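This report concerns only the one structure given below.
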Amino acid sequence: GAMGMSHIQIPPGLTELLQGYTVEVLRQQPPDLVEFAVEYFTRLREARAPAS
Amino acid sequence: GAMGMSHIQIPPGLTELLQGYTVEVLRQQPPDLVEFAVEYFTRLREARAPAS
Amino acid sequence: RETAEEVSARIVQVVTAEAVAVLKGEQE
């Protein structure tokens with residue numbers, strides 16, 4: 001972020017999760033980040049689609 | 001050994017394009033991480049065209 | 001004053017760059 005938090009940075013949760021998952025793409029499958037992510041997140045939706 | 005250093009080469013543009021999509025989808029007001037992430041990386045995928 | 005566009009860009013940028021730095025163990 002920028003020094004002096006007057007210039008607000010918006011981290012609505014997805015941002016930190018996104019970073020974690022972007023590390024997942026980078027660490028697990030460096031050449032193709034997206035194919036891994038797509039499979040991982042489709043698997044995510046598959047395994048856990050929000051049920052209330 | 002002589003080689004073996006994990007030289008994680010991340011292709012630039014991954015971030016840039018999924019950034020365009022992140023800001024756009026955030027503007028779309030995404031529901032949950034599952035659908036958010038699926039479409040997000042899917043948008044890169046849609047732009048790259050895995051099928052033709 | 002800051003925008004989603006630029007922060008989101010920063011966030012994805014720093015994670016890829018820094019996680020790349022993690023490959024060497026920059027995190028120490």
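We label chains A, B, ... in the order they appear in the structure tokens, count residues from 1 in each chain, and number ligands from 1 in the order shown.
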Near chain A, meaning an atom within 6 Å, which residues of chain B appear when counting only C-alpha atoms? Write them as a tab-separated table (two decimals) with C-alpha atoms, in the first residue's frame.
chain	number	residue	atom	x	y	z
B	8	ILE	CA	9.39	-19.98	-10.46
B	10	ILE	CA	5.47	-16.40	-13.52
B	34	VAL	CA	-16.69	-19.67	-4.96
B	38	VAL	CA	-14.53	-19.39	-10.68
B	41	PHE	CA	-9.89	-17.02	-13.54
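The least-squares superposition of chain B onto chain A, using every Cα atom in order, ends with an RMSD of 7.2 Å.
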Rows by chain and residue number, chain B within 7 Å of chain C, shortest pair, only C-alpha atoms, as JSON lines:
{"residue": "B:6", "atom": "CA", "partner": "C:23", "partner_atom": "CA", "distance": 6.6}
{"residue": "B:7", "atom": "CA", "partner": "C:23", "partner_atom": "CA", "distance": 7.0}
{"residue": "B:8", "atom": "CA", "partner": "C:20", "partner_atom": "CA", "distance": 6.4}
{"residue": "B:15", "atom": "CA", "partner": "C:12", "partner_atom": "CA", "distance": 5.7}
{"residue": "B:16", "atom": "CA", "partner": "C:9", "partner_atom": "CA", "distance": 6.8}
{"residue": "B:19", "atom": "CA", "partner": "C:9", "partner_atom": "CA", "distance": 5.6}
{"residue": "B:23", "atom": "CA", "partner": "C:5", "partner_atom": "CA", "distance": 5.6}
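With CA of residue 20 (chain B) on one side and CA of residue 9 (chain A) on the other, the separation reads 16.8 Å.
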Mind checking DSSP for chain A and telling me the alpha helix (DSSP H) residues as a short mmCIF file (atom, residue, chain, number, x, y, z; two decimals) with C-alpha atoms, in the first residue's frame?
data_model
loop_
_atom_site.label_atom_id
_atom_site.label_comp_id
_atom_site.auth_asym_id
_atom_site.auth_seq_id
_atom_site.Cartn_x
_atom_site.Cartn_y
_atom_site.Cartn_z
CA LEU A 14 -11.23 -11.44 -1.37
CA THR A 15 -7.97 -9.61 -1.77
CA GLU A 16 -6.08 -11.49 0.96
CA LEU A 17 -7.70 -14.75 -0.08
CA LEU A 18 -6.79 -13.92 -3.68
CA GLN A 19 -3.18 -13.46 -2.66
CA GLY A 20 -3.13 -16.80 -0.87
CA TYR A 21 -4.60 -18.49 -3.91
CA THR A 22 -2.30 -16.61 -6.26
CA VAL A 23 0.50 -18.15 -4.23
CA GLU A 24 -1.25 -21.48 -4.80
CA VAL A 25 -1.15 -20.94 -8.54
CA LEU A 26 2.48 -19.78 -8.39
CA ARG A 27 3.72 -22.51 -6.07
CA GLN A 28 1.76 -25.43 -7.47
CA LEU A 33 -1.58 -20.44 -13.11
CA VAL A 34 -5.07 -20.14 -14.40
CA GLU A 35 -5.79 -23.77 -15.44
CA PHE A 36 -4.86 -24.79 -11.92
CA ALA A 37 -6.93 -22.03 -10.37
CA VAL A 38 -9.93 -22.78 -12.54
CA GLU A 39 -9.79 -26.45 -11.60
CA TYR A 40 -9.18 -25.61 -7.93
CA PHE A 41 -12.07 -23.17 -7.78
CA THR A 42 -14.43 -25.33 -9.80
CA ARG A 43 -13.52 -28.08 -7.33
CA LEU A 44 -14.21 -25.53 -4.57
CA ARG A 45 -17.68 -24.75 -5.96
CA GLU A 46 -18.25 -28.47 -6.51
CA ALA A 47 -17.21 -29.48 -3.02
#
